[PDB]
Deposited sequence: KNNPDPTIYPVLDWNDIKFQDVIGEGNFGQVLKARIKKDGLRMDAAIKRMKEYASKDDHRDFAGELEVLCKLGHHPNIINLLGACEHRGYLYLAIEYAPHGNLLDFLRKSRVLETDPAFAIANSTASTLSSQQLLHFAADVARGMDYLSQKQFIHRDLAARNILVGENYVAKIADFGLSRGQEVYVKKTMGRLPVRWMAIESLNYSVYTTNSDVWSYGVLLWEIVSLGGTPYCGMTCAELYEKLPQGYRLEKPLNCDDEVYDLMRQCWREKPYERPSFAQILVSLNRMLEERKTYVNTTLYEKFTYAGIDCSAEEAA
């Protein structure tokens, strides 16, 4: 029901019940969100469909995967000895973008509940933008905090847990988290302290920021501002944090 248009350049969701409360909901929601360069921009609703500025680069998940140059075009990759058309600084920027937008939202008592690369858009100038396309409609178990899984507790602290997973997806260049692990295998091991592993191409400092996000105690996780700031510090240094160069035994995090 989504269609491109010049309503400026944008995207509209055509809606003709339950869908009426969601539609009356989503708009009410987007109105309250305000405007920030790291969250979607709604141009308006009309009666004749909800429209927001269009994102020419799609969702971040797909973007990260097309970035897998060794798969998309090996001649170029090998020749240039690189694993992705995206650099560490660009990856960290997408991460800083989401943390920035999320900080603008959390400050407004807005709980996202479904942060994930799939729900992020890559728009004009490659500015990551927080969005929400919707959830059979099973729950996003791989991205949920332990407390969301067991008691349906949703907060900025649980949005941070999902964020940490998203950061992992970023570094992984879009790999599925808990690759080859059962959704139920998680309800078990997660409470036992199990966590995603440090991606091979990842500097310990990024991994540390990821661990902070998934701490069992909801109140011990960093705020979205402490994340923006720490990421900003990494973007600021000369040091490279996400290895993207190619090497003999190189391999991509699974999908």
* **Unmodelled intervals of the deposited chain, in order** => 1 to 29, 37 to 42, 52 to 55, 88 to 91, 179 to 189, 310 to 317
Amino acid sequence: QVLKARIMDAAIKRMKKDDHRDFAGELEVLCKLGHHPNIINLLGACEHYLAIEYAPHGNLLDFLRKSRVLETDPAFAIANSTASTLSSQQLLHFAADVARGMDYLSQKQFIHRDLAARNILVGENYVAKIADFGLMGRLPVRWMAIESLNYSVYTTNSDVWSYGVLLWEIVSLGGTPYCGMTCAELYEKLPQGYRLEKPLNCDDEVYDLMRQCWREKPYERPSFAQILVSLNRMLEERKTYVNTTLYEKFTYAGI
From here on, numbers count along this sequence of modelled residues.
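We call the rigid core the largest set of C-alpha positions that still match within 1.5 Å between the two forms.
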* More shifted region, core-based fit in 5 other deposited structures of this protein, 126 to 134 vs 105 to 113 by CA -> 126 to 134
* Structure fact -> Between 34 to 42 and 209 to 217, the one drifting more in C-alpha RMS in 5 other deposited structures of this protein once the core is aligned is 34 to 42
* How about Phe23: is it missing from at least a third of the other entries compared? -> yes
* Asked: Comparing 156 to 164 with 123 to 131, which stretch shows the greater average C-alpha B-factor in the deposited entry?
  -> 123 to 131
* Once you work out the mean C-alpha B-factor for both 180 to 188 and 98 to 106 from the entry, which is higher? -> 180 to 188
* Which one of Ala225, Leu30, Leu60, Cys213 shows the top CA temperature factor in the record? -> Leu30
* For the C-alpha B-factor as written in the entry, point me to the maximum among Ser148, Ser172, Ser87, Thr72. => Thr72
* C-alpha B factor of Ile39, ranked within the chain: lowest, middle or highest third? -> lowest
* To do: Would you mind checking where the Cα B-factor of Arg221 ranks among the modelled residues of its chain, as the lowest, middle or highest third?
  => lowest
* **Cα B factor band for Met136 (lowest, middle or highest third within the chain)** => highest
* Asked: If you rank every modelled residue in this chain by C-alpha B factor, which third holds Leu64: lowest, middle or highest?
  -> lowest
* What third of the chain, by the recorded C-alpha B-factor, contains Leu231? -> lowest
